[PDB]
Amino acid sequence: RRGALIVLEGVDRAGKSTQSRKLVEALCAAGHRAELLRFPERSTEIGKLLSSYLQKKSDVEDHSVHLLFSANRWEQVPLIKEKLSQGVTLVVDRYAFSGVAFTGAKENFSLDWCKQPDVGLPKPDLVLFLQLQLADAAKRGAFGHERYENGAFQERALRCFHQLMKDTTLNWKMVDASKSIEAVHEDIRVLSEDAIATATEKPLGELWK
């Protein structure tokens, strides 16, 4: 009885990391086997390169950094498949959607080019998109100092995310992340419980193919 693959995507400070952490806690407390994953996974050799880039400690050519971001996902595929096959549900803070939206926001990068490197990855059974108005997000303190943390770029990435949500091959669910931490959590949790039950009667799919 395989686990589900649940990905959390969304606007800056919408609460991806907070709701991913809380969801795995809630699932486990409800007797599911569940574990948390995040992308980029900064602990591998490729992950370190990406971390240094996001911190402006190094500069990486745009195409190369996009392929590293996808290679960082592929290096976890054997683990992902093994865990799901063992019945472990995986909650993932960012996935290939962030990869296409962040590079796709840069000048001269088509959405088709950006998607290719991730074609074939495990397909999520559920892709939550945490929505939030900037007036609301701004009250979530201030922009960080990492790369991409400015409003003009974030707004181009959102545009790309909206192009990705047109793809009906995927189970997108919008979440109103303007509510309190606990109210957004409850919305997410119920969607997740439904996906772990049903979504899983079908074999794990392949993304964008």
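Residue positions are given as counts along the sequence shown, with the first one as 1. By rigid core we mean the largest C-alpha set that fits within 1.5 Å across both forms.
Stretch comparison, 130 to 138 versus 76 to 84: after rigid core superposition, larger RMS CA deviation in 6 other deposited structures of this protein is found for 130 to 138. Averaged as a root mean square over residues and superposed structures in 6 other deposited structures of this protein, CA distances to the shown form are larger in 194 to 202; the pair compared was 194 to 202 and 13 to 21 with a core fit. The PDB entry records a higher mean C-alpha B factor for 188 to 196 than for its counterpart among 188 to 196 and 16 to 24. Judged by mean Cα B factor in the deposited record, 129 to 137 ranks above the other of 106 to 114 and 129 to 137. Annotation for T169, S51, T44, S64: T169 ranks highest, by Cα B-factor. Annotation for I181: C-alpha temperature factor in the middle third relative to the rest of the modelled chain, per the entry. In the PDB entry, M165 places in the highest third of its chain by CA B-factor. Per-chain ranking of the deposited C-alpha B factor places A142 in the highest third.
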